[PDB]
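The next block holds one structure in the form of structure tokens; read it before the comments.
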Number of protein chains: 2
Amino acid sequence: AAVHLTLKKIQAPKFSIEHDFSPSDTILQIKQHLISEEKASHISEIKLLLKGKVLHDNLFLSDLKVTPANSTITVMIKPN
Amino acid sequence: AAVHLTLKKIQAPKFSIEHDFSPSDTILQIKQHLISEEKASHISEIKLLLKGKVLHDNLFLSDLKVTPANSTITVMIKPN
């Protein structure tokens, strides 16, 4: 019942942080966690991807295709 | 003896193309393929990542941690 993810920002300022999420959580919750950790100011600025696919806010973490080999989410942040 | 990869550019102009590489090929060869496919003009402009880690030119494709779940390379292109 845990979805453990690494959240890695790939453009400066970079970061790599980890957290255990609930399967029932949404991608919005990952964004909110990034705001909580002072890695972003606004949800609208944050784009998350896995394997180069954009992960939209309403997607559930239980729908992420994560495996031991890759449970890393790529983080991009751009102004509105 | 084949390393099959998807190469996905995530900022506009986006693309997603596939190719079978040799294990002995380098990351430089992936970049050269992108130039060959008219997706970039210069090697120095191309950044490749997997799971949010930058893949430097001298890395061999046999050192990539690819699996059925993810054999997608994230492509970024930025001027010099």
Side-chain angles (χ1 to χ4, degrees), chain A residues 2-21 23 27 29-31 33-35 37-40 42-50 52-57 59-77 79-80, chain B residues 2-21 23 27 29-31 33-35 37-40 42-50 52-57 59-77 79-80:
Chain A
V3 181
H4 181 81
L5 305 169
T6 301
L7 311 177
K8 174 84 149 282
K9 183 156 178 288
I10 61 154
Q11 300 194 109
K14 300 185 205 203
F15 60 79
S16 187
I17 61 169
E18 303 170 64
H19 191 70
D20 296 321
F21 290 93
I27 290 285
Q29 260 86 79
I30 302 188
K31 292 183 179 173
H33 183 65
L34 290 171
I35 291 173
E37 294 299 318
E38 314 285 14
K39 294 318 189 189
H42 299 287
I43 293 297
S44 66
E45 290 174 338
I46 305 162
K47 178 177 279 182
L48 302 183
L49 304 90
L50 176 64
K53 188 154 220 70
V54 175
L55 309 180
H56 299 278
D57 288 347
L59 180 72
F60 296 102
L61 302 201
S62 55
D63 296 334
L64 286 174
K65 297 288 184 295
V66 280
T67 68
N70 186 353
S71 62
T72 304
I73 309 301
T74 296
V75 183
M76 314 274 289
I77 306 175
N80 270 241
Chain B
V3 181
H4 181 81
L5 305 169
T6 301
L7 311 177
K8 174 84 149 282
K9 183 156 178 288
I10 61 154
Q11 300 194 109
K14 300 185 205 203
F15 60 79
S16 187
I17 61 169
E18 303 170 64
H19 191 70
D20 296 321
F21 290 93
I27 290 285
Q29 260 86 79
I30 302 188
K31 292 183 179 173
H33 183 65
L34 290 171
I35 291 173
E37 294 299 318
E38 314 285 14
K39 294 318 189 189
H42 299 287
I43 293 297
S44 66
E45 290 174 338
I46 305 162
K47 178 177 279 182
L48 302 183
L49 304 90
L50 176 64
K53 188 154 220 70
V54 175
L55 309 180
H56 299 278
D57 288 347
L59 180 72
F60 296 102
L61 302 201
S62 55
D63 296 334
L64 286 174
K65 297 288 184 295
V66 280
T67 68
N70 186 353
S71 62
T72 304
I73 309 301
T74 296
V75 183
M76 314 274 289
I77 306 175
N80 270 241

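In what follows, every heavy atom counts, from backbone to side chain, and hydrogens, waters and symmetry copies are set aside. A note on names: the letters A, B, ... follow the listed sequences, proteins ahead of strands, and every chain is numbered from 1.
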| About how many Å separate NZ of B:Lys53 and OG1 of A:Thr72, when rounded to the nearest 0.5 Å? | 9.5 Å
| query | Does atom CZ of B:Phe60 have more than 12 heavy-atom neighbours, drawn from other residues, nucleotides or ligands, at distances under 6.0 Å? | reply | no
| task | Identify the heavy atoms of A:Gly52 and B:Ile10 that sit nearest to each other, and give their distance. | result | O-CG2, 3.7 Å
| query | Does the side chain of B:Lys8 reach to within under 4.5 Å of the side chain of A:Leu49, using non-hydrogen atoms? | reply | no
| said: Rounded at 0.5 Å granularity, tell me how far CD in A:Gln11 sits from CD in B:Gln11. | reply: 5.0 Å
